[PDB]
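Each remark here refers to the structure printed beneath this line.
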Number of protein chains: 2
Amino acid sequence: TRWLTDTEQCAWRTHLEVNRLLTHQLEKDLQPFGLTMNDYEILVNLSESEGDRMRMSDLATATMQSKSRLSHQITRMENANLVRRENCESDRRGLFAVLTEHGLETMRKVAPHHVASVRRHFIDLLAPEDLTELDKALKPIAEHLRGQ
Amino acid sequence: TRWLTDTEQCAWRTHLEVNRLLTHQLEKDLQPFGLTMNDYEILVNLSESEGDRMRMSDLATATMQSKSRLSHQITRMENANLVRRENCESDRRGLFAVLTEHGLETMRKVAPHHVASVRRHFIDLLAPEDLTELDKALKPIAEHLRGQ
Ligand SMILES: O=C(O)c1ccccc1O
Ligand SMILES: [Cl-]
Ligand SMILES: [Cl-]
Ligand code: NA
Ligand code: NA
C-alpha cells in the first residue's frame with residue numbers, strides 16, 4: 001500500500017477541506033433566493049446557450065448527470081416556473097429545456113450576489129499566478145474524471 | 001458588479017467541475033464497502049484521535065457541520081455499529097463519538113482501497129510542484145472559510 005507522504009496528505013486534505021467548506025458556503029449564500037446550486041448551474045448553462053435553450057441530453061452532459069436525474073430536476077424547476085420543456089417535431093432525439101422569462105430574471109437578480117460570493121470566498125483570495133497554476137494542474141484531473 | 005474575467009471564469013469552472021466529479025467518484029469507489037464519504041470522514045477523524053474517540057462538539061467543528069447534522073450522521077453510523085455515542089466518565093462532562101471495534105476494522109479494511117482511489121483520481125495525477133502550490137494557495141482559502 002502506498003500511503004500518502006506528508007506532502008501528499010497535506011495537499012489532499014487542504015483540497016478536500018476547501019471543497020467541502022466552499023460547496024457549503026456557496027449553497028448557504030444562495031439560500032435567501034430560494035435556489036440550490038444545482039438550480040443555479042442549470043440557469044447559467046441555459047442562459048449561455050443560443051436561444052436560452054439546450055437539448056436535455058446536452059444539458060445532462062454539461063451538468064454531468066444522468067438523463068433521469070436531470071429530468072427530475074427540470075420537473076422541479078418547471079414547477080418553480082424557471083424553465084420549460086419543448087418537443088421537437090423534426091426528430092426523435094428528445095426534448096429541449098428552455099429558460100422562462102422568470103428564470104432569466106431570477107438569474108439576473110442572483111448573479112451579482114453569487115459573483116460577489118465567489119470573489120470574497122475564493123477568486124479574490126488567489127494571486128493571479130496561483131489561479132493560472134491551479135487551473136493548469138486541475139484541467140487534466142477534470143479530463144481524467146470525465147473519462148472515468 | 002465585477003464580473004469574472006475569462007481567465008477567472010475558466011479557473012472557477014474547472015474548480016467546480018473537479019470538486020463535483022471527484023466527490024462522485026470517491027463515493028462510487030466506497031459503495032462496495034457500504035460506506036458514504038460522510039461516514040469515511042468520521043472514521044478518519046476518530047481513528048486519528050487519541051483513544052479513537054472525540055467529543056461530539058470537537059467532531060462537529062472538525063467536520064465543519066451543525067450539531068443537528070452531525071447528530072443525524074452519528075445516528076446512522078451507530079445503527080451500522082461503526083461508532084457509539086458515549087457519555088464517557090471524564091473531568092469535563094460531554095458526549096463522545098467512540099469508534100467501535102467494527103468501525104476500526106472497517107477503517108483498516110477500507111483505508112488501502114481509499115488511498116489507491118485518491119492516488120489514481122487525484123494525487124498521482126499531480127506533479128510535485130503543483131501539489132506544493134495547491135497547498136500554499138488553498139490554505140488561506142480554508143482559513144477564510146473556517147472563519148465564516
Ligand atoms: O476522504 C478522505 O481521505 C479524508 C481525509 C481527511 C479527513 C476526512 C476525509 O474524508
Ligand atoms: Cl441567444
Ligand atoms: Cl491513539
Ligand atoms: Na443566450
Ligand atoms: Na488514534
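Identifiers in this document derive from the order of the C-alpha cells: chains are assigned A, B, ..., residues are numbered from 1 separately in each chain, and ligands are numbered from 1 in order of occurrence.
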
Name the residues in contact with range 65-78 of chain B at a cut-off of 12 Å, using only C-alpha atoms, excluding same-chain residues fewer than 2 positions from it; report them as a PyMOL selection string. (chain A and resi 20-21+24-25) or (chain B and resi 34-43+46+55-63+80-86+95-100+102-103+106+146)

Given a cut-off of 9 Å, which residues of chain B touch chain A, counting only C-alpha atoms, written out as a PyMOL selection string? chain B and resi 1-4+7-8+10-12+14-23+25+63-64+112-113+115-116+118-119+121-123+125-128+130-146+148

Step one, run DSSP on the backbone; step two, keep only residues of range 4-64 of chain A assigned to helix (DSSP H, G or I); then write them as a PyMOL selection string. chain A and resi 6-33+37-47+50-52+56-62

Step by step, measure atom-to-atom distances between ligand 2 and each residue using only C-alpha atoms and all ligand atoms, keep those at most 8 Å, then write them as a ChimeraX atom specification. /A:47-52

Point out the residue among B:110, B:88, B:104, B:30 with the least atom-to-atom distance to ligand 5, counting only C-alpha atoms and all ligand atoms.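 Comparing B:110, B:88, B:104, B:30 against ligand 5, the winner is B:104.
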
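Chains of identical sequence, chain B and chain A give a C-alpha root-mean-square deviation of 1.1 Å after superposition over all matched alpha carbons.
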
CA of residue 32 in chain A and CA of residue 79 in chain A are how many Å apart?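 Separation between CA of residue 32 in chain A and CA of residue 79 in chain A: 18.6 Å.
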
When distances are computed from only C-alpha atoms, which of B:92, B:108, B:53, B:114 shows the smallest separation from residue 27 in chain B?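 For residue 27 in chain B, the nearest of the given residues is B:114.
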
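Picture a line from CA of residue 89 in chain A to CA of residue 54 in chain A; it runs 15.3 Å.
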